[PDB]
Amino acid sequence: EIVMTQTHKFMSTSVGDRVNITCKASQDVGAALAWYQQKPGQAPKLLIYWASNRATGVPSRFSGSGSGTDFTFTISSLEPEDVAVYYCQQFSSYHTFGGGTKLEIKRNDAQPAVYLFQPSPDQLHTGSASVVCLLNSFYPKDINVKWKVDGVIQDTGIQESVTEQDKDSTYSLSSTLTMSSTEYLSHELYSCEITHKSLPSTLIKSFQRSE
Amino acid sequence: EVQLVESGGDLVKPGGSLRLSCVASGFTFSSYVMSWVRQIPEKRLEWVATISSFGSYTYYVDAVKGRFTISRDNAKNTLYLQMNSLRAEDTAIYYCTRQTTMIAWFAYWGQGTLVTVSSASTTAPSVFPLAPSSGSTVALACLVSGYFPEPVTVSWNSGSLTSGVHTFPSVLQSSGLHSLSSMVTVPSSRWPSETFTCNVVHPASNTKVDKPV
Amino acid sequence: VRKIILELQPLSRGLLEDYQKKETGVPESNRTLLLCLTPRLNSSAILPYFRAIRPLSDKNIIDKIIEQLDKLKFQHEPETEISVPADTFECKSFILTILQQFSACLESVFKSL
């Protein structure tokens with residue numbers, strides 16, 4: 001089976017810039033490669049076939065090159081409507097897709113606004129306790145949220161949810177630490193620790209349960 | 001114009017069955033190879049199955065072989081996907097697509113039909129208000145816990161409060177239930193002297209909750 | 001006339017489906033090549049295309065197709081000289097489009113009858 005690798009899940013670009021998206025096949029596929037663009041809520045749209053043929057009506061700023069195992073999808077000058085996910089696909093043999101590369105807009109770094117919430121008493125009645133750490137309006141996307149209960153880092157019970165790039169190009173993210181209510185009640189200090197390019201040192205939000 | 005319209009997606013339990021249909025217009029249906037492609041919630045694309053003009057040749061991706069059957073009825077311009085022994089990882093938007101030969105690219109796509117396989121039955125959310133742990137502003141939130149299927153809609157103060165609202169994307173728990181949080185930042189004068197409420201609607205379970213913070 | 005449609009139909013179906021199975025990545029030509037009707041089935045518009053792809057295809061099936069369509073041709077009717085694309089991809093698209101439109105013509109005429 002022919003594996004298609006798009007190394008970058010996300011790429012930051014600026015309107016007016018050249019964009020190079022790479023795709024490599026585990027074996028020779030010759031020129032038998034296709035590129036698709038997908039916007040949220042729509043099916044993928046064919047852009048390039050046979051590695052470099054632009055499909056009918058596709059804008060001329062989009063192009064593809066390569067032959068063999070290494071392929072490049074190129075936008076010569078990024079336009080705002082080009083913010084999307086791009087997928088390669090080989091048809092040398094049974095169809096396989098690369099994993100996608102999301103284009104997003106680069107902007108100035110922006111510090112997160114961070115809020116931390118204790119489990120509400122109604123939830124504790126049911127036997128669970130969710131500690132909620134909410135981060136709003138940061139850039140860039142890559143961020144590190146670390147949970148410490150009485151000083152020990154947690155490596156289980158943690159679900160993360162990141163937004164899509166919002167209207168002013170910043171991101172939001174939630175991290176929730178869930179445990180049993182008895183387990184919650186056995187500990188005192190809950191901290192959500194944020195590491196990020198916009199923060200010169202780690203931002204610590206915490207609360208003491210016994211308050 | 002070429003049109004493909006899928007139908008038949010629904011909620012099912014693991015081990016269940018479901019039948020998808022795609023009705024095509026605007027071209028001679030029997031002249032073309034037809035195929036299914038699915039897209040899972042993490043947005044990876046996976047080709048599913050392919051059928052030649054008159055059904056003599058079919059290909060299947062390994063993940064569905066011996067469970068799914070592609071077929072077509074040329075008289076009705078209809079493509080089918082019979083899905084048996086469904087599993088949770090079959091959850092996806094299933095797209096009907098048209099091709100020239102059996103191994104090619106996908107120039108025409110339908111809009112997709114959502115198939116959800118989950119051991120959870122439809123489940124109403126539990127709504128937990130999250131009050132602040134002084135300032136210029138304060139942050140209030142609501143944990144919308146354990147619902148299925150997606151989505152919920154969250155609003156604040158019956159929709160009068162829209163400024164400073166931030167509703168995060170839902171995450172799927174191992175139980176098959178989804179959760180999300182919603183928060184709002186208000187001027188500190190407005191709290192705690194005023195009452196704030198988050199209104200959660202879960203269409204699929206036909207439930208509405210208002211929880212004061 | 002129903003007789004020739006039924007004779008041709010398995011030949012046409014097999015040629016199309018075998019091409020879909022054997023050939024990968026054939027692009028859409030978007031061309032009309034075969035004129036189905038004249039109103040009877042239009043052998044003289046269809047025949048030259050099959051004569052032109054005979055060296056590129058299964059000569060045995062093509063010969064059967066030609067012998068059937070010759071029965072539906074006025075001897076006076078002249079045949080266009082067909083230009084087969086030289087480029088490999090255009091040539092496969094050309095053949096594929098002939099097989100698709102021949103299939104469609106027979107299915108159309110059959111619904112007529």
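The sequence lines fix the lettering, A, B, ..., with proteins before strands; numbering per chain opens at 1. Keep in mind that the numbers below use all heavy atoms, side chains included, and drop hydrogens, waters and symmetry copies.
Contact of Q42(A) with chain B is made through the backbone alone, with heavy-atom distances under 4.5 Å. Heavy atoms of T178(A) lying under 4.5 Å from chain B are absent altogether. With a 4.5 angstrom heavy-atom cutoff, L140(B) touches chain A only via backbone atoms. For a residue to count as touching a neighbouring chain, one of its non-hydrogen atoms must lie under 4.5 Å from one of that chain's; by this rule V85(A) does not touch chain B. Only the side chain of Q39(B) comes within contact range of chain A, with heavy atoms under 4.5 Å apart. With a 4.5 angstrom heavy-atom cutoff, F106(B) touches chain A via backbone and side-chain atoms both. The contact between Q89(A) and chain B is made entirely by side chain atoms (from C-beta outward), counting heavy-atom distances below 4.5 Å. In this structure, chain B has a heavy atom under 4.5 Å from the backbone of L135(A), while its side chain stays farther away. Looking at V61(B), neither its backbone nor its side chain comes within 4.5 Å of chain A, counting heavy atoms on both sides. If you measure heavy-atom distances from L173(A) to chain B, the contacts under 4.5 Å come from the backbone alone. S174(B) does not touch chain A: none of its heavy atoms, backbone or side chain, sits under 4.5 Å away.
For the set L134(A), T126(A), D122(A), the entry with the most heavy-atom pairs within less than 4.5 Å of chain B is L134(A). In terms of heavy-atom pairs under 4.5 angstrom with chain B, the leader among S130(A), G100(A), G41(A), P44(A) is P44(A). Of the residues considered (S181(B), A141(B), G112(B)), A141(B) shows the highest number of contacts with chain A, using heavy-atom pairs under 4.5 Å. Among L45(B), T97(B), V171(B), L143(B), the residue with the largest count of heavy-atom pairs under 4.5 Å with chain A is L45(B). Among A34(A), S93(A), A32(A), the residue making the largest number of heavy-atom pairs under 4.5 Å with chain B is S93(A). Taking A43(A), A55(A), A113(A) one by one and counting their heavy-atom pairs under 4.5 Å with chain B, the maximum is reached by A43(A).
In this structure, the separation between CD1 on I103(B) and CD on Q90(A) is 8.0 Å, given to the nearest 0.5 Å. From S174(A), atom OG reaches atom NE2 of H166(B) across 10.0 Å, with rounding to the nearest 0.5 Å. Taken to the nearest 0.5 Å, the CZ atom of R209(A) stands 12.5 Å off from the OG atom of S133(B). The CD atom of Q38(A) sits 7.5 Å away from the CH2 atom of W109(B) when rounded to the nearest 0.5 Å. Rounded to the nearest 0.5 angstrom, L116(A) CG and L130(B) CG are separated by 10.0 Å. In this structure, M102(B) CE and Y94(A) OH are separated by 9.0 Å, a value rounded to the nearest 0.5 Å.
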| request: Run the numbers on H95(A) and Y59(B) for ring-ring contact (aromatic ring centres under 6.0 Å, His included), then give the verdict. | output: CA-CA 10 Å; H95(A) 309 116; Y59(B) 294 141; 8.5 Å; no
| request: Determine, stepwise, if the pair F97(A) / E46(B) fulfils side chain to side chain contact (heavy atoms under 4.5 Å, CB included). | output: CA-CA 7 Å; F97(A) 295 87; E46(B) 183 178 48; 5.9 Å; no
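Closest approach of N136(A) to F168(B), counting heavy atoms only: OD1-CZ, 3.2 Å.
Within 6.0 Å of NE2 on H8(A) lie no more than 12 heavy atoms contributed by other residues, nucleotides or ligands. Environment of NZ in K146(A): sparse, with no more than 12 heavy atoms of neighbouring residues, nucleotides or ligands closer than 6.0 Å. Taking a 6.0 Å sphere around CZ of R87(B), one finds it holds 12 or fewer heavy atoms contributed by other residues, nucleotides or ligands. Within a 6.0 Å sphere centred on NZ of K208(B), heavy atoms belonging to other residues, nucleotides or ligands number 12 at most.
In this structure, the side chains of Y87(A) and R44(B) stay at 4.5 Å or more apart for every pair of heavy atoms.
Ring-plane geometry between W105(B) and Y49(A) is classed as parallel, the angle between the planes falling under 30 degrees on a 0 to 90 degree scale with a further cut at 60.
With no hydrogens or angles considered, no side-chain donor-acceptor pair links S145(B) and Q123(A) at under 3.5 Å.
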